[PDB]
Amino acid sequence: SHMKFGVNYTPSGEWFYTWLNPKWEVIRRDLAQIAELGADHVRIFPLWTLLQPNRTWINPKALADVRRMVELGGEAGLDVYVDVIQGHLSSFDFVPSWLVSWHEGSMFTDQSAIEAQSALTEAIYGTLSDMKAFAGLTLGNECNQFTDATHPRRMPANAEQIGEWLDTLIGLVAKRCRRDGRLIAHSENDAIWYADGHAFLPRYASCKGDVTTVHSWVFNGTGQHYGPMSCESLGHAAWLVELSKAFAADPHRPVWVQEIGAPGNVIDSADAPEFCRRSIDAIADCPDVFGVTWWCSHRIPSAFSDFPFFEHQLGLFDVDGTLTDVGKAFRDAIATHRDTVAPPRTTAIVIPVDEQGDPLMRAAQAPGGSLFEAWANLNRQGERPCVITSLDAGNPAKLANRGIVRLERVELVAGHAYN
């Protein structure tokens, strides 16, 4: 049992631009710094444009560099999780030329592009499969952002095509992962939980892949609307954990807080260490948390432009390599919650869903919405709420398997704070 603690690895000095010519001695020291925090894993991010520059040619040097980074993670004493398709990082898209402009197409529906992503997933798994430190794969960081209606070069897809895309790519490696002792997962930004009409559905995160991933960012309106150090803000990661369980078929499926950070566009730097400590305290009171992975390890140097300004400050280590106050808070939180075990949560707020298990109104569970607030209010009062669907609530076996004793209900009211 017990929560894993790790960091999302942003290479010091050159960020992901380092993949062009990695400085292995610097990367080695980067990973040793992360291990010194007490972290047990890292999550790493190769670039799709370098991995697969042609639809039918994967660059062996790019694969070998991924293997070397994994090897250095293991030498630091870390398990290493690899995100296959980036794809999207920190406001930037990295899309190979064969899926751009004259060759524009949707990664979700174009069959020849799906076969290329399948080959890349297998090539990454196969490259790394003999490494004791290779712990698992995620399809890619927040790939759903490409199909969101807000994306300025949207890759179209309906919900059925998204389900098929997930099934195709996860299905390539799920059995190997199972036989080998590794994990396969996928990752969406919080539009999956919050955005009505979004083609990625909550049950996809909570049922497909081995563990649910959530990425908790209180710049999504939670910090602005309620306050950066409000209960709604501090408990937002714990809220995603419990919300996501409502949509899981398996009553003890682990939930991975795969990203959480203290974004400086809503949280004052003076409050960021307390935000970290208290957010992790709230996560640690939720059962079945797979782990907590902070965003991110090393600050982006100021010589790089066009990042939203707060992205530069998210690193636990400053640009000179020293441990920031948030880094100290995360190190302290790892030690605090080493052997803590959260007790069962038995009072559930109920989410009305349709016959397929999808919310009647995702806006009601978004920031500002009635279900979001009912959970935050119950949490502020010490009730330690969990979340179930109306379908689960009419199933005495599922209530029994989760130990649910009290049901709390609220009408559906859309929030308007979300983004």
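In case it trips you up, residue 1 is the first one in the sequence shown, and so on.
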Which of 301-309 and 333-341 has higher mean CA B factor, as the PDB entry lists it: 333-341
Given 348-356 and 49-57, the range whose Cα B-factors average higher in the PDB entry: 348-356
Of the options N141, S244, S91, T322, which has the highest CA B factor as deposited? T322
Based on what the PDB entry reports, which of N158, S206, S269, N220 has the top C-alpha B-factor? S269
In terms of the chain's CA B-factor thirds, is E259 lowest, middle or highest? lowest
Going by the CA temperature factor in the PDB record, which third of the chain does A414 belong to: lowest, middle or highest? highest
Taking the C-alpha B-factors as the PDB entry records them, is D30 in the lowest, middle or highest third of its chain? middle
Test of reading the entry: by CA B factor among the chain's modelled residues, which third contains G13? middle
When the deposited Cα B-factors of this chain's modelled residues are ordered and cut into thirds, is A62 in the lowest, the middle or the highest one? lowest
